[PDB]
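Asks: Structure in structure tokens, see below.
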Amino acid sequence: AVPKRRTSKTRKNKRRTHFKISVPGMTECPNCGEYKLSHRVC
Amino acid sequence: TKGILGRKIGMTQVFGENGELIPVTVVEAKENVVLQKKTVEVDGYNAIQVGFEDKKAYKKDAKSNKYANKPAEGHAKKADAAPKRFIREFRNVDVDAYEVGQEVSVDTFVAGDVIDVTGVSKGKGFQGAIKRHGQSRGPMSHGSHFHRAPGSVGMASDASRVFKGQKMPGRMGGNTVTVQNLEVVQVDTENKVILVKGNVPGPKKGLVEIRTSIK
Amino acid sequence: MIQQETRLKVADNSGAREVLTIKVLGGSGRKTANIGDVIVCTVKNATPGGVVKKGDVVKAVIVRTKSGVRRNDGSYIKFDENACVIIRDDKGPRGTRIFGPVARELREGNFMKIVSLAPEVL
Amino acid sequence: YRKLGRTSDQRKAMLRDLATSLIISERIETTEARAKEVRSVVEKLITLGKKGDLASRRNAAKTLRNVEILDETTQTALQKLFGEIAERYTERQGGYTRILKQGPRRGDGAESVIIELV
Amino acid sequence: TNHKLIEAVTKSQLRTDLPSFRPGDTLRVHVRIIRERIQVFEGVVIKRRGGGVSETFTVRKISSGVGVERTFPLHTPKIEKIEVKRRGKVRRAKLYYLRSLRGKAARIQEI
RNA sequence: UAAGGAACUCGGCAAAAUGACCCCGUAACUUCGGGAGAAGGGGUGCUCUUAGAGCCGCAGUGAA
RNA sequence: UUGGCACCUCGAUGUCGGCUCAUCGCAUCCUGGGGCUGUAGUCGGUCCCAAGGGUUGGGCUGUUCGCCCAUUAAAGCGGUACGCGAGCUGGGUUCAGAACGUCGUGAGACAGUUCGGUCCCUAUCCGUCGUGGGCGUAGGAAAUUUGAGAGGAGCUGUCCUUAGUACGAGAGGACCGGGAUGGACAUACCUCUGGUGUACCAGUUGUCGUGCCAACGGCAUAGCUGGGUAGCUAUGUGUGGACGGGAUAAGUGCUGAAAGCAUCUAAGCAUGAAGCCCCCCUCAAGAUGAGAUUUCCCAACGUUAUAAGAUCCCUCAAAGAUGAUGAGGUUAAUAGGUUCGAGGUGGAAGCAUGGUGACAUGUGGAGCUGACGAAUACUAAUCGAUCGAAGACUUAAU
Ligand SMILES: CC[C@H]1OC(=O)[C@@](C)(F)C(=O)[C@H](C)[C@@H](O[C@@H]2O[C@H](C)C[C@H](N(C)C)[C@H]2O)[C@](C)(OC)C[C@@H](C)C(=O)[C@H](C)[C@H]2N(CCCCn3cc(-c4cccc(N)c4)nn3)C(=O)O[C@]12C
Ligand SMILES: [K+]
Ligand SMILES: [K+]
Ligand SMILES: [Mg+2]
Ligand SMILES: [Mg+2]
Ligand SMILES: [Mg+2]
Ligand SMILES: [Mg+2]
Ligand SMILES: [Mg+2]
Ligand SMILES: [Mg+2]
Ligand SMILES: [Mg+2]
Ligand SMILES: [Mg+2]
Ligand SMILES: [Mg+2]
Ligand SMILES: [Mg+2]
Ligand SMILES: [Mg+2]
Ligand SMILES: [Mg+2]
Ligand SMILES: [Mg+2]
Ligand SMILES: [Mg+2]
Ligand SMILES: [Mg+2]
Ligand SMILES: [Mg+2]
Ligand SMILES: [Mg+2]
Ligand SMILES: [Mg+2]
Ligand SMILES: [Mg+2]
Ligand SMILES: [Mg+2]
Ligand SMILES: [Mg+2]
Ligand SMILES: [Mg+2]
Ligand SMILES: [Mg+2]
Ligand SMILES: [Mg+2]
Ligand SMILES: [Mg+2]
Ligand SMILES: [Mg+2]
Ligand SMILES: [Mg+2]
Ligand SMILES: [Mg+2]
Ligand SMILES: [Mg+2]
Ligand SMILES: [Zn+2]
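Residue numbers (this note's numbering), protein chains in the order written: chain S, 5 to 46; chain Z, 1285 to 1499; chain U, 299 to 420; chain A, 8 to 125; chain Y, 67 to 177.
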């Protein structure tokens, strides 16, 4: 129910190893010279 | 002995001699080809490799398993066969009676033959102890707050841990399963079909392996 | 599909009218019995003057069930009620008459006297 | 079929509303899952319009909402469906709608799409 | 259809001498029982279900005051013949409501 | 929700069942008021004629 | 077990029974093997080996226990905080109310009894059940694999025949074998029997709508009712464990001396259990000891671009919490639509005819139809982007 010991900085950062986001899937739009999400329309 | 690969089509029934109802599974075992012969001298054991269900030839920029990649294409061409969707090894058979590139026809088996059928059972996803392990529910009334929980998972200070092998919730199904001592009811050379008495593992279209029964 | 506490009509003239199932015989942990199986039962309701009396603990063979039975040819037979016949150790009926239809599986069970006395065997 | 986070009656009402809105406007913006269900609903309505008989009209009226459309003329959604839209799709064998993704909404990250008549 | 392979492999089992009938009809079913004799089960068709070789039908009768129901696969060779004695008038495919009725309340009008 | 029907459980807990209106009918006991809505049974739809004749459904206080 | 002691815990180590889930011991309840018998046979008594599996459903009581009813091959005895309340219950037992008996002058009390009486907690670590990512496995990659090792399974009844034979005055009634069929358990699966089936079909009540008739829609548990496809399912349909090989236990010996003989033992040689190791099923090379086979790929100046091969993204389902897996991505049937079907429902609307009317009949097995089968690019799976090796050293080699 409750933490028996406090979490060390090391353990917390190890846990957060995978807690991140990814760059979105994007492709260049030919006419406007900008970027958009793949399979999406401007 | 004997072996073949096929797809499970579905269940139906037939009427045997004296009219008894025989439930059966239809297996379509077309396009079986011996791709390789493994031997003790080279591989350390005797086996025949059988490919099943020809797939499309290699093409550039293929995006799915429908098209053979170059390693698979070379492996099949070495047998002078089209690339195959499913590849499995048979150790029960006698390798001296097969040639690389030869067809394995449904006519390999005969009605009355006793077989073992192997396949991947149907998946069920994340399931609890009641369904996955067939445990009892707690009471559904009389003040109960215990219905589908798994129950006690151990003992007290001894042993102060849960033993390996404790039955708990988790993914269910999708396991390799062998059903033993089924019978071949009918072999139909056209349509390349084998009728297996009873039922076999897996969903419809799932791959099944038919072998002569070990026992 | 007969289990402990199932109440059954009696399809004979032995005196018992309704019985209550005490035990399904034929092995440890057996839960249910069907046509041709033998049960230990108690007579809950009896008619006057019969040989079998209320409160007696007797043995009976199941002769028809609502669940019915499946035959090897893929056919089924089902009845509108659960009825049994009080028997002796020799599998002969205790009564001298049988009422209503009984299943042909009794013949395979070797309850030939009951089959003979039945007005219809289906 | 999808449940769209609603009970059966709520989902049916929302699908009728969306289909009628698409018939009225010819192009709407919604969520991806909603549009993936609305496409089937709308295409079956258009099939009924292409049939064009009285029974098909009454079956379509089972689903369409009662929304007036205002050259100062006035017609109901059912009239538009059995007139203009059916006539425009007389020669096309299915595929009367198309979905175009646009990216997440700010408020809840929902995948916004535009579904339009082709 | 069903799967083409299933239909092809079970085509030979189908019988081509069974009369057409519907629920509510009275049938005489001549069942082979074995010393091979024929026992006639006469009663009303209360249900037909399934398709192909798996199709079944159920016939109900009152035997000595006790309702009896017999379910047969449509194409079982164990049936010698089927005779349609009466053509009943009903409003639904499954006549399960007949189970709870007795006497004239269970009567089915003829066409 | 098959078949069973309290075998559950400390205990029928919970749930199921009953339920409206109209007409029949109603026990021991009683302080003669009661008990009593005892219990247990029948009828309800629609159309037409002026209580009959019809019509339809598995089902008519067809829901609550 | 009842105790003795008072060593951990009173800034808290929740007490009985039951439920759920087990796990271990063997002083073994059943089943397997064997010696003796005051073992004729069928049955028994006793002792030895043996822990593989199995070992119940009720009446009473809070009960544990115990008695009883009916079974069973058997209904074994113990340990695990009298296993298990951050898994459940809360009948009993240390609570406030009340009453009886009893004791007390009394307030109150009990080798007693009786009715009633709040069971909190979002899991950090270890542990356990599942499921992904990283790196390693001296090139990179696709597929097929060996099996070190680990897990699973392991039960048993009845009947027929041998044979009414052996044994036995008789009654009764075999071993050894050979056949058949069940109980419980496990596992797969939906053809069948049934269950469910809230975007399938139909009937029906009240009320509000769509202007009205007709036909429909909303709400009333999916309003209710009768059916029901796929899928998921057991009570339904199949299958499995009584086989065999090796080594053994208690036993039984053969040959055989010490001990001239005797002696199963001391050296030798056999035989002998449901038990051990295999045989059967499943997982398994992070087996860092990182294995094997087949096939594919081949550059230059850490950098850039890449090969075989993967992914991102998108259409999805046999897969699924998410990842992952598998089917597909235009050189395309992956999903939606469309068209034709299977199955389900059971006779649409409109019109006509008959009826005073409720309705009926005909057009017409009609109309409708989620998930199931097939055909068809009509709609959407666009363009594109990212990752991805260049094969070290030492020693021997016919
Ligand atoms: C339901 C919630 C209560 O939990 C409980 O009552 C139980 C079920 F969790 C409980 O009884 C625990 C288990 C108790 O602890 C035990 O104490 C024993 C002596 C020993 C045992 N161990 C150590 C062997 C301990 O575990 C105790 C003392 O709570 C009374 C814990 C202490 C810390 C305690 O007092 C706590 C603070 C107690 N409490 C007083 C309630 C006091 C009674 N109460 C009040 C209310 C309430 C108030 C307002 C509104 C509403 N609707 C209800 N509900 N119940 C609360 O307000 O909250 C809780 C947590
Ligand atoms: K089924
Ligand atoms: K490896
Ligand atoms: Mg239980
Ligand atoms: Mg609950
Ligand atoms: Mg959804
Ligand atoms: Mg509603
Ligand atoms: Mg049908
Ligand atoms: Mg039930
Ligand atoms: Mg029922
Ligand atoms: Mg009852
Ligand atoms: Mg009880
Ligand atoms: Mg109990
Ligand atoms: Mg209650
Ligand atoms: Mg009412
Ligand atoms: Mg002590
Ligand atoms: Mg001291
Ligand atoms: Mg303390
Ligand atoms: Mg402390
Ligand atoms: Mg011992
Ligand atoms: Mg009682
Ligand atoms: Mg304890
Ligand atoms: Mg605990
Ligand atoms: Mg007090
Ligand atoms: Mg006193
Ligand atoms: Mg109380
Ligand atoms: Mg191993
Ligand atoms: Mg089906
Ligand atoms: Mg079904
Ligand atoms: Mg109207
Ligand atoms: Mg409203
Ligand atoms: Mg309202
Ligand atoms: Zn742009």
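Cβ coordinates follow ideal geometry from the N, Cα and C atoms, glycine included.
Check U:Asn343 in the structure and name its three-state DSSP category.
Replies: For the purposes of this step, residue 343 of chain U is taken as residue 45 along the third sequence, with counting starting at 1. Note: U:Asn343 maps to strand in three-state DSSP.
Asks: If we define contact as Cβ-Cβ less than 9 Å, is Y:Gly90 a contact residue for chain U?
Replies: The residue labelled residue 90 of chain Y in the question sits at position 24 within the fifth sequence. Judged by the 9 Å Cβ criterion, Y:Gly90 is not in contact with chain U.
Asks: Check this for me: beta carbons of U:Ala314 and U:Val322, under 9 Å apart or not?
Replies: Within the third sequence, numbered from 1, the residue matching residue 314 of chain U stands at position 16. Within the third sequence, numbered from 1, the residue matching residue 322 of chain U stands at position 24. No, the pair does not count as a contact, with Cβ atoms beyond the cut-off.
Asks: From the DSSP output, in three-state form, read off residue 128 of chain A for me.
Replies: The first residue shown for chain A is 8 and the last is 125, placing residue 128 of chain A beyond what the model contains.
Asks: Rounded to whole angstroms, what is the Cα-Cα separation between Z:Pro1453 and Z:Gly1435?
Replies: Within the second sequence, numbered from 1, the residue matching residue 1453 of chain Z stands at position 169. Within the second sequence, numbered from 1, the residue matching residue 1435 of chain Z stands at position 151. Spanning the two alpha carbons is a distance of roughly 12 Å.
Asks: For Z:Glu1357, report the span of its alpha helix (DSSP H) as first-last.
Replies: For this step, residue 1357 of chain Z is matched to residue 73 along the second sequence. First-last of the alpha helix (DSSP H) with Z:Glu1357: 1354-1362.
Asks: Whose Cβ in chain U lies nearer than 9 Å to the Cβ of Y:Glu135?
Replies: Walking along the fifth sequence from the start, residue 135 of chain Y turns up at place 69. Ordered by position in chain U, the residues that pass the 9 Å Cβ test against Y:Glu135 are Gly366, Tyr374, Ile375, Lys376, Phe377, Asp378.
Asks: Quick one: Cα of U:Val400 to Cα of Y:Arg115, how far?
Replies: Indexing the third sequence from 1 puts residue 400 of chain U at position 102. Indexing the fifth sequence from 1 puts residue 115 of chain Y at position 49. Answer to the nearest angstrom: the Cα atoms are 27 Å apart.
Asks: Using a Cβ cut-off of 9 Å (strictly closer), state whether Y:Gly116 contacts chain U.
Replies: Within the fifth sequence, residue 116 of chain Y is the residue found at index 50, counting from 1. So no, Y:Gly116 is outside the interface.
Asks: Y:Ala159: which of Y:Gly90, Y:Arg81, Y:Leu71 sits nearest, CA to CA?
Replies: Position 93 of the fifth sequence, counted from the start, is the residue given in the question as residue 159 of chain Y. Comparing Cα positions, the closest option is Y:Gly90.
Asks: Could you check the C-alpha separation between Y:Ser78 and A:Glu75 for me, to the nearest Å?
Replies: For this step, residue 78 of chain Y is matched to residue 12 along the fifth sequence. For this step, residue 75 of chain A is matched to residue 68 along the fourth sequence. Their Cα atoms are separated by approximately 60 Å.
Asks: Where DSSP assigns a beta bridge to Z:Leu1466, which residues make up the other side?
Replies: Taking the first residue of the second sequence as 1, we reach residue 1466 of chain Z at position 182. Z:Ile1399, per the DSSP bridge assignment.
Asks: Could you have a look at A:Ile31 and say whether DSSP puts it in helix, strand or coil?
Replies: Within the fourth sequence, numbered from 1, the residue matching residue 31 of chain A stands at position 24. Helix.
Asks: Is any heavy atom of ligand 8 found at a distance shorter than 8 Å from the C-beta of Z:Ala1413?
Replies: Position 129 of the second sequence, counted from the start, is the residue given in the question as residue 1413 of chain Z. No, since every heavy atom of ligand 8 falls outside the 8 Å radius drawn around the Cβ of Z:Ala1413.
Asks: With 7 Å as the limit, tell me which residues of the region 1289-1301 of chain Z have their beta carbon closer than that to any beta carbon of chain Y; keep them in chain order.
Replies: Cβ contacts with chain Y come from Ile1293, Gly1294, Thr1296, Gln1297, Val1298, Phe1299.
Asks: Pull up the distance between the alpha-carbon of Z:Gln1386 and that of Z:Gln1320, whole angstroms please.
Replies: Start at 1 with the first residue of the second sequence, and residue 1386 of chain Z comes out as number 102. Start at 1 with the first residue of the second sequence, and residue 1320 of chain Z comes out as number 36. Between Z:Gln1386 and Z:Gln1320, the C-alpha separation is close to 10 Å.
Asks: Tell me U:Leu318's beta-bridge partners as DSSP assigns them.
Replies: Translated into positions along the third sequence, residue 318 of chain U becomes position 20. DSSP output for U:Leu318 lists U:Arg305, U:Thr340 as bridge partner(s).
Asks: Note down, in chain order, every chain Y residue with its Cβ under 9 Å from the Cβ of U:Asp310.
Replies: Counting from one through the third sequence, the residue named residue 310 of chain U turns up at place 12. Going along chain Y, no residue has its Cβ under 9 Å from U:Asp310, so there is no contact; the nearest lies around 13 Å.
Asks: With a threshold of 16 other CB atoms inside 10 Å of the CB of U:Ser312, please say whether the residue is buried or exposed.
Replies: Within the third sequence, numbered from 1, the residue matching residue 312 of chain U stands at position 14. Buried, because 16 or more other Cβ atoms sit within 10 Å of the Cβ of U:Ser312.
Asks: From what residue to what residue does the beta strand (DSSP E) around U:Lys357 run?
Replies: On the third sequence, position 59 is the one that residue 357 of chain U refers to. Here the beta strand (DSSP E) through U:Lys357 covers 355-362.
Asks: Where does Z:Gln1419 fall in DSSP's three states?
Replies: Your numbering for residue 1419 of chain Z matches position 135 in the second sequence. Z:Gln1419 falls in the coil class under three-state DSSP.
Asks: Under 9 Å, Cβ to Cβ, is there at least one residue of chain U near Z:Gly1303?
Replies: Mapped onto the second sequence, residue 1303 of chain Z falls at position 19. With 9 Å as the cut-off, Z:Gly1303 counts as an interface residue toward chain U.
Asks: Can you find a C-beta in chain U that's less than 9 Å from the C-beta of Y:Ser129?
Replies: In the fifth sequence, counting from the first residue as 1, residue 129 of chain Y sits at position 63. Chain U, which has a Cβ nearer than 9 Å to the Cβ of Y:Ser129, makes this yes.
Asks: Which complete alpha helix (DSSP H) runs does the region 110-139 of chain Y hold, if anything under 4 residues is left out?
Replies: Listed in chain order, there is nothing to give.
Asks: Are there 16 or more other CB atoms within 10 angstroms of the CB of Z:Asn1316, so buried, or fewer, so exposed?
Replies: Taking the first residue of the second sequence as 1, we reach residue 1316 of chain Z at position 32. Under this definition Z:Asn1316 is a buried residue.
Asks: Once DSSP output is grouped into helix, strand and coil, what is the label at A:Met21?
Replies: Taking the first residue of the fourth sequence as 1, we reach residue 21 of chain A at position 14. A:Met21 falls in the helix class under three-state DSSP.
Asks: Would you kindly work out how many angstroms separate the C-alpha atoms of Y:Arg81 and Y:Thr142, rounded to a whole number?
Replies: If you number the fifth sequence from 1, residue 81 of chain Y lands on position 15. If you number the fifth sequence from 1, residue 142 of chain Y lands on position 76. Y:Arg81 and Y:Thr142: Cα-Cα distance of roughly 8 Å.
Asks: Is the beta carbon of S:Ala5 within less than 8 Å of some heavy atom of ligand 23?
Replies: If you number the first sequence from 1, residue 5 of chain S lands on position 1. The answer is no for S:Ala5.
Asks: Taking one C-beta from the region 389-409 of chain U and one from the region 359-379 of chain U each time, how about it: are there three or more such pairs within less than 8 Å?
Replies: Judged by Cβ distances under 8 Å, the region 389-409 of chain U makes contact with the region 359-379 of chain U, as three or more pairs qualify.
Asks: Contact check, Z:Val1477 vs Z:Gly1396 under 8 Å by CB: the rounded distance?
Replies: The count along the second sequence starts at 1 and reaches residue 1477 of chain Z at position 193. The count along the second sequence starts at 1 and reaches residue 1396 of chain Z at position 112. Their Cβ separation, rounded to whole angstroms, is 16 Å, which puts Z:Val1477 and Z:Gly1396 out of contact at 8 Å.
Asks: Restricting to runs no shorter than 3 residues, where is the beta strand (DSSP E) found entirely within the region 1290-1331 of chain Z?
Replies: Fully enclosed beta strand (DSSP E) runs of 3 or longer: 1305-1312, 1316-1322.
Asks: Is Z:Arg1432 near ligand 4 - that is, is its Cβ less than 8 Å away from at least one heavy atom of it?
Replies: Stepping through the second sequence from its first residue, residue 1432 of chain Z is reached at position 148. Z:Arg1432 Cβ: outside cutoff for every heavy atom of ligand 4.
Asks: S:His43 by DSSP, collapsed to three states: which one?
Replies: One-based indexing of the first sequence puts residue 43 of chain S at position 39. Coil.
Asks: Under 7 Å, CB to any heavy atom of ligand 33. Which residues pass, going along the chain?
Replies: Result: S:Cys33, S:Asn35, S:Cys36, S:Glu38, S:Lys40, S:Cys46.
Asks: Take U:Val356 as the anchor and find which of U:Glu406, U:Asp371, U:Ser414, U:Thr319 has the nearest alpha-carbon.
Replies: The residue given as residue 356 of chain U occupies position 58 in the third sequence. Comparing Cα positions, the closest option is U:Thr319.
Asks: Below 8 Å on C-beta distance, what does Y:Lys144 contact in chain U?
Replies: As a working mapping, residue 144 of chain Y is identified with position 78 in the fifth sequence. By Cβ distance, chain U contributes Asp371, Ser373.
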